[PDB]
4 protein chains.
Amino acid sequence: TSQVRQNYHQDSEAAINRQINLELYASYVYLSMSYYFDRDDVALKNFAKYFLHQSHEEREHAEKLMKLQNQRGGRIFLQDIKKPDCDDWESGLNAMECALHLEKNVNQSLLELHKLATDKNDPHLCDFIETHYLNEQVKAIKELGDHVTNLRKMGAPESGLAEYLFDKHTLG
Amino acid sequence: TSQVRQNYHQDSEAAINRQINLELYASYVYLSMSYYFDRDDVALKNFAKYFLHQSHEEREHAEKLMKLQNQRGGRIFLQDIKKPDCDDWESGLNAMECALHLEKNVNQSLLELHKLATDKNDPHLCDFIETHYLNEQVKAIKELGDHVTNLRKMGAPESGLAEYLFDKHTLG
Amino acid sequence: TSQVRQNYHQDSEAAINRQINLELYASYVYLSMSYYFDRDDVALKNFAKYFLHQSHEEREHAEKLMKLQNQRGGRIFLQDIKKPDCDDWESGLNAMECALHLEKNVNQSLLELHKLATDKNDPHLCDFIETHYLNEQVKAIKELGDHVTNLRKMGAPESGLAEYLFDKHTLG
Amino acid sequence: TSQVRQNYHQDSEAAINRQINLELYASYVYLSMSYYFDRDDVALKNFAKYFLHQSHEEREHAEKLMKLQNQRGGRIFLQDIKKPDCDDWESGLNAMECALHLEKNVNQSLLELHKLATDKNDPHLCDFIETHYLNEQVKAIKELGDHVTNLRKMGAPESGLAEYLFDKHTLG
Ligand SMILES: [Cl-]
Ligand SMILES: [Cl-]
Ligand SMILES: [Cl-]
Ligand SMILES: [Cl-]
Ligand SMILES: [Cl-]
Ligand SMILES: [Cl-]
Ligand SMILES: [Cl-]
Ligand SMILES: [Cl-]
Ligand SMILES: [Cl-]
Ligand SMILES: [Cl-]
Ligand SMILES: [Cl-]
Ligand SMILES: [Cl-]
Ligand SMILES: [Cl-]
Ligand SMILES: [Cl-]
Ligand SMILES: [Cl-]
Ligand SMILES: [Cl-]
Ligand SMILES: [Cl-]
Ligand SMILES: [Cl-]
Ligand SMILES: [Cl-]
Ligand SMILES: [Cl-]
Ligand SMILES: [Cl-]
Ligand SMILES: [Cl-]
Ligand SMILES: [Cl-]
Ligand SMILES: [Cl-]
Ligand SMILES: [Cl-]
Ligand SMILES: [Cl-]
Ligand SMILES: [Cl-]
Ligand SMILES: [Cl-]
Ligand SMILES: [Cl-]
Ligand SMILES: [Cl-]
Ligand SMILES: [Cl-]
Ligand SMILES: [Cl-]
Ligand SMILES: [Cl-]
Ligand SMILES: [Cl-]
Ligand SMILES: [Cl-]
Ligand SMILES: [Cl-]
Ligand SMILES: [Cl-]
Ligand SMILES: [Cl-]
Ligand SMILES: [Cl-]
Ligand SMILES: [Cl-]
Ligand SMILES: [Cl-]
Ligand SMILES: [Cl-]
Ligand SMILES: [Cl-]
Ligand SMILES: [Cl-]
Ligand SMILES: [Cl-]
Ligand SMILES: [Cl-]
Ligand SMILES: [Cl-]
Ligand SMILES: [Cl-]
Ligand SMILES: [Cl-]
Ligand SMILES: [Fe+3]
Ligand SMILES: [Fe+3]
Ligand SMILES: [Fe+3]
Ligand SMILES: [Fe+3]
Ligand SMILES: [Fe+3]
Ligand SMILES: [Fe+3]
Ligand SMILES: [Fe+3]
Ligand SMILES: [Fe+3]
Ligand SMILES: [Fe+3]
Ligand SMILES: [Fe+3]
Ligand SMILES: [Fe+3]
Ligand SMILES: [Fe+3]
Ligand SMILES: [Fe+3]
Ligand SMILES: [Fe+3]
Ligand SMILES: [Fe+3]
Ligand SMILES: [Fe+3]
Ligand SMILES: [Fe+3]
Ligand SMILES: [Fe+3]
Ligand SMILES: [Mg+2]
Ligand SMILES: [Mg+2]
Ligand SMILES: [Mg+2]
Ligand SMILES: [Mg+2]
Ligand SMILES: [Mg+2]
Ligand SMILES: [Mg+2]
Ligand SMILES: [Mg+2]
Ligand SMILES: [Mg+2]
Ligand SMILES: [Mg+2]
Ligand SMILES: [Mg+2]
Ligand SMILES: [Mg+2]
Ligand SMILES: [Mg+2]
């Protein structure tokens, strides 16, 4: 047993390792999306910038969980980072919809993690999740919802003009 | 009788209390409108900001009337603030139209108040209304009219693109 | 269903709407108290300033709950804001006592809201209440208790000198 | 007839001369009050300072009316400035009460002047009175009322301690 370990259940340790993988996966999805918009036949530079920033944020989320694992005396175990589900993301609207779906999936995982921490009476872990993850997720989901709504109302994906103008005035 | 009271008719005192309630009501209408535009399925952040600012201005209008009541030796009597007539405001154009209607209604009340002050030969109260309320109302009505016109000419409410672009270039 | 909604119970949504109304009510109580102290026959300007600031803080509390409702994909439903229970607040001490009672009532509502969020396993909502409301309430209640104690010990409400000196040295 | 005179009734001209005298009288009352508080057997230096400032303000009120008379092509006619009604002002509270009475008397004269200007359809003179005199009077009366209230509640005039503390914390 680690000399620092206290009130840290083996199930919580394993769930933290699973969350690390999921955050890295989310980073990869956003990386793929970003460079799709950098294609010469797509060419929406602020969509590209927005998703690259989201990708880098997800990496920060993963690294903080790795730090947490060590803080509590757990041991990090890494797994393959699966490639994203799509190579071609179709449109700005479709990418935003996939991002919304991704963020809700990551949120569900975080909520399950919190439920586990609650069941194991781990208030430090509960606080960690609430303070650093849960509101960030709520804000990210709300922002993506707002973006999807605007793109739909503007006439995307059929209107290339709508995506162009959204790229300039919301993401730029 | 208040030691400060002079040339201040009981009817004027009562009319000032009614105006306080109406200004607070206007604040509530704009508060409701503001957060409608903050909904994830509406998502027009500058409409939200514009109406929240209008809401806060209406509260200032109410507070100045409360100050006036005490300055003249009248006594403030408060009533319930009625909820706004709508929960859902439909569109940017529809909210602007409701705001225009509201501002004209508040103006009519102020004009009736001025007529009362005139009938009771209260030049201090006349000056108060003219100096702090009447031109503010005229400017607010003109601005809302301008906004309604632009939204109509741009193709609102059917064009979600029109409302988006107005939000960015006029309200942003 | 809102595209952003996740782990947000209909009961929690309704309870948030009730809390919005209560925060606005508290804003109204403090607004009334403030202008009582602005009366020429009361004339305690720092009591007036203190309660006006408390009123504006309560409005901020309401607006943050409206933001929360939209963040989680709930829908804001507003009700009439009831007038405060008193027109005349009697004395500085009596107003402080009514403020203490009000703040404890609002606290009780927040605790019931937290219990509901706990029962529905909504850790985001629990964190929201704890982080933004519960300690603010504890601090406000403690401050009002301190004020009541000092006014009593100084000889209020019978001593107009006590209220005058408290207004100058604590609230000024 | 003066080359500048237009829409300026002889009655208005005469009433302006009477108001000039009354403003100078008010200046004299406050001058007398001020130095009463400078007596070694009274010795309230902030009462003295407050009333001296009020005296100088009244002189400014008179001078602006003299300017107005010439602006409109009327001719200034001056009369004796009567001595104040009291040599000894008794107490801080009594002086404040006399100041309140004085300010209401001057207000009544200004209201009669405004009624005359209205009867003679002189909107320039109406505006002059409203803009430069009427709210100043309302504010002065309210302030004096507030002061009287505080002194009474503190225990003046019997409490020399009350007048001392008021001098330090309100007027200082
Ligand atoms: Cl342990
Ligand atoms: Cl352990
Ligand atoms: Cl274990
Ligand atoms: Cl593991
Ligand atoms: Cl894994
Ligand atoms: Cl693997
Ligand atoms: Cl696999
Ligand atoms: Cl726990
Ligand atoms: Cl967070
Ligand atoms: Cl947000
Ligand atoms: Cl937030
Ligand atoms: Cl957006
Ligand atoms: Cl009168
Ligand atoms: Cl009256
Ligand atoms: Cl009357
Ligand atoms: Cl009334
Ligand atoms: Cl009313
Ligand atoms: Cl009512
Ligand atoms: Cl009713
Ligand atoms: Cl009049
Ligand atoms: Cl105005
Ligand atoms: Cl204008
Ligand atoms: Cl203008
Ligand atoms: Cl416009
Ligand atoms: Cl759910
Ligand atoms: Cl849900
Ligand atoms: Cl539900
Ligand atoms: Cl509800
Ligand atoms: Cl309610
Ligand atoms: Cl209702
Ligand atoms: Cl009811
Ligand atoms: Cl929970
Ligand atoms: Cl808090
Ligand atoms: Cl505290
Ligand atoms: Cl604290
Ligand atoms: Cl205290
Ligand atoms: Cl003291
Ligand atoms: Cl003429
Ligand atoms: Cl003439
Ligand atoms: Cl004439
Ligand atoms: Cl004359
Ligand atoms: Cl004369
Ligand atoms: Cl003479
Ligand atoms: Cl004589
Ligand atoms: Cl006229
Ligand atoms: Cl004025
Ligand atoms: Cl004032
Ligand atoms: Cl004023
Ligand atoms: Cl005072
Ligand atoms: Fe982000
Ligand atoms: Fe960032
Ligand atoms: Fe993440
Ligand atoms: Fe994320
Ligand atoms: Fe907790
Ligand atoms: Fe926390
Ligand atoms: Fe405005
Ligand atoms: Fe403004
Ligand atoms: Fe208004
Ligand atoms: Fe308005
Ligand atoms: Fe506070
Ligand atoms: Fe504050
Ligand atoms: Fe509150
Ligand atoms: Fe509170
Ligand atoms: Fe003055
Ligand atoms: Fe001055
Ligand atoms: Fe004067
Ligand atoms: Fe004066
Ligand atoms: Mg996984
Ligand atoms: Mg594979
Ligand atoms: Mg937080
Ligand atoms: Mg009404
Ligand atoms: Mg109703
Ligand atoms: Mg003006
Ligand atoms: Mg309620
Ligand atoms: Mg009722
Ligand atoms: Mg905290
Ligand atoms: Mg005279
Ligand atoms: Mg004589
Ligand atoms: Mg003015």
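Chain naming here is simple, since letters A, B, ... match the order of the sequence lines and numbering starts at 1 in each.
A heavy-atom distance below 4.5 Å is found between the side chains of C:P123 and A:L111.
In this structure, the portions of A:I141 lying under 4.5 Å from any heavy atom of chain C include both its backbone and its side chain.
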Show the pairs of one donor and one acceptor atom, one from chain C and one from chain A, lying under 3.5 Å apart.
residue : atom : partner : partner atom : Å
C:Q3    : O    : A:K104  : NZ           : 3.0
C:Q3    : NE2  : A:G145  : O            : 3.1
C:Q3    : NE2  : A:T149  : OG1          : 3.1
C:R5    : O    : A:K104  : NZ           : 2.9
C:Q6    : OE1  : A:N107  : ND2          : 2.9
C:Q6    : NE2  : A:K104  : O            : 2.9
C:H124  : NE2  : A:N135  : OD1          : 2.8

